[PDB]
């Protein structure tokens, strides 16, 4: 979804309505500093783009880790959609045989295809999302090396070992990350945006360099949606269809915990 901007320090992202609505709101919220600066929409190839701060500007050869936050990674309306009018996905099927050949049902196999919520619930359960409320999605590196090979990274200790490898023994980065996550947690807990929105499919982006510069920002507000009038979430309690709960803060709590653990090793 990304394209280079004509201005130093910025990046363009393909405009989507929910995300655009979210960024505008966030620029006036307690979370303003916890997300990339949003500077408006622009037109390029007859196409609209979010004009964003490039979070990597300011770092020297940045290392990047994307952590998808939440116990739930799809909207409830996708559950409704799958029950009234399912669109079978043959792609979402072939991976399941790869990760776990006994995972698809006898019927899914005959279909060679799976619904969206089903595929997503299974991803949640073989990774750490269901149990810890986040998961690692990818790492991008200063050495050029990228990896998304984290589909079965699930246990507390597997997660810890990915971060241990990502920070490469830099106590100052790790310290800075933890200070940033504590301050983000504090912000989320008083944010008016956060208590009025179900935050699904967003990530915390960790960015550090060999100069010990470290930052974290929330990104990807494409599936982040306002709750019905005057309704709010606690972002910790289990999701049950109907309640719209995302377990975002369960995730954050556990992530902080794992980092604090790592720092004491």
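Basically, rigid core = biggest C-alpha set you can superpose within 1.5 Å across the two forms. Residue numbers count along the first chain shown, from 1.
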Please work out whether 121-129 or 80-88 has the higher root mean square C-alpha deviation in 9 other deposited structures of this protein relative to the shown form, with the rigid core as fitting region? 80-88
Of 118-126 and 86-94, the stretch whose C-alpha atoms average the higher B-factor in the entry: 86-94
Determine, for stretches 165-173 and 106-114, which one has the higher mean CA B-factor as deposited. 106-114
Please work out which residue in 135, 141, 185, 72 has the highest C-alpha B-factor recorded for this crystal structure. 141
For the C-alpha B-factor as written in the entry, point me to the maximum among 54, 220, 29, 43. 43
Residue 253: CA temperature factor from the record, placed by chain third, in the lowest
Relative C-alpha B-factor of residue 209, binned into the chain's lowest, middle or highest third: lowest
Hey, what third does residue 181 fall into on Cα B-factor, ranked over its chain? lowest
Which third, lowest, middle or highest, does the CA B-factor of residue 224 fall in along this chain? middle
Pull the Cα B-factor of residue 36 out of the PDB entry and bin it into the chain's lowest, middle or highest third. lowest
